[PDB]
Amino acid sequence: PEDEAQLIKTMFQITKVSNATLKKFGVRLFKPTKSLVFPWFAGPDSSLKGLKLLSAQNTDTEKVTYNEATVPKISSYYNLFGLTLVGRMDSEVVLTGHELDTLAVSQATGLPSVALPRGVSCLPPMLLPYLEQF
């Protein structure tokens, strides 16, 4: 289950990032396995597309993630991220693969951010109309 992961936003500097946008995005460091940065990699619903920890410090602390959250029905990287945590009701959206890049784009001057569960090398045809809406 994706809801099994906890949430924590303590004063930690594992990743050299600014939290001024993180509190806006609601992403908190889950403590199901470790204390690494674990943003809520899920959409509006509780789809078990993989809510593992993010690449804290971009060089360690679970740099890779999981493709599913629940025990059964392992999903692929066709899910979406970033745009779920933002309104995205505009025509200018910044596209990126890394979750940290999406968080930084959210921290930018109002530029919307949209990403997939593994947008670094994910299939861009899974949600082509969603990206083409802008």
# chains A, B, ... in the order shown; residues from 1 in each chain; ligands from 1
call {"tool": "residues_around", "arguments": {"residues": "residue 3 of chain A", "least_positions_apart": "2", "cutoff": "9 Å", "atoms": "only C-alpha atoms", "output": "PyMOL selection string"}}
result
chain A and resi 1+5-6+46+69
call {"tool": "select_by_dssp", "arguments": {"residues": "segment 4-115 of chain A", "states": "alpha helix (DSSP H)", "output": "PyMOL selection string"}}
result
chain A and resi 22-25+99-107
call {"tool": "closest_residue", "arguments": {"among": "A:9, A:88, A:31, A:16", "to": "residue 100 of chain A", "atoms": "only C-alpha atoms"}}
result
A:16
call {"tool": "select_by_dssp", "arguments": {"residues": "segment 4-124 of chain A", "states": "strand (DSSP E or B)", "output": "ChimeraX atom specification"}}
result
/A:81,94-95,113-115
call {"tool": "residues_around", "arguments": {"residues": "segment 117-126 of chain A", "least_positions_apart": "6", "cutoff": "9 Å", "atoms": "only C-alpha atoms", "output": "PyMOL selection string"}}
result
chain A and resi 41-42+49-51+65+67+76-81+95-99
call {"tool": "residues_around", "arguments": {"residues": "residue 83 of chain A", "least_positions_apart": "5", "cutoff": "7 Å", "atoms": "only C-alpha atoms", "output": "PDB file with C-alpha atoms, in the first residue's frame"}}
result
ATOM      1  CA  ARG A  88      -1.423  23.057 -13.987  1.00  0.00           C
ATOM      2  CA  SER A 113       6.089  21.305 -13.465  1.00  0.00           C
ATOM      3  CA  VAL A 114       5.045  17.929 -14.878  1.00  0.00           C
ATOM      4  CA  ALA A 115       6.900  14.621 -14.715  1.00  0.00           C
TER       5      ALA A 115
END
call {"tool": "closest_residue", "arguments": {"among": "A:85, A:7, A:68, A:19", "to": "residue 38 of chain A", "atoms": "only C-alpha atoms"}}
result
A:7
call {"tool": "closest_residue", "arguments": {"among": "A:111, A:94, A:105, A:89", "to": "residue 133 of chain A", "atoms": "only C-alpha atoms"}}
result
A:89
call {"tool": "closest_residue", "arguments": {"among": "A:92, A:45, A:62, A:4", "to": "residue 32 of chain A", "atoms": "only C-alpha atoms"}}
result
A:4
call {"tool": "closest_residue", "arguments": {"among": "A:131, A:103, A:93, A:71", "to": "residue 25 of chain A", "atoms": "only C-alpha atoms"}}
result
A:103
call {"tool": "closest_residue", "arguments": {"among": "A:74, A:129, A:44, A:12", "to": "residue 57 of chain A", "atoms": "only C-alpha atoms"}}
result
A:12
call {"tool": "atom_distance", "arguments": {"atom1": "atom CA of residue 60 of chain A", "atom2": "atom CA of residue 23 of chain A"}}
result
22.7 Å
call {"tool": "atom_distance", "arguments": {"atom1": "atom CA of residue 101 of chain A", "atom2": "atom CA of residue 8 of chain A"}}
result
20.7 Å
call {"tool": "atom_distance", "arguments": {"atom1": "atom CA of residue 2 of chain A", "atom2": "atom CA of residue 28 of chain A"}}
result
13.6 Å
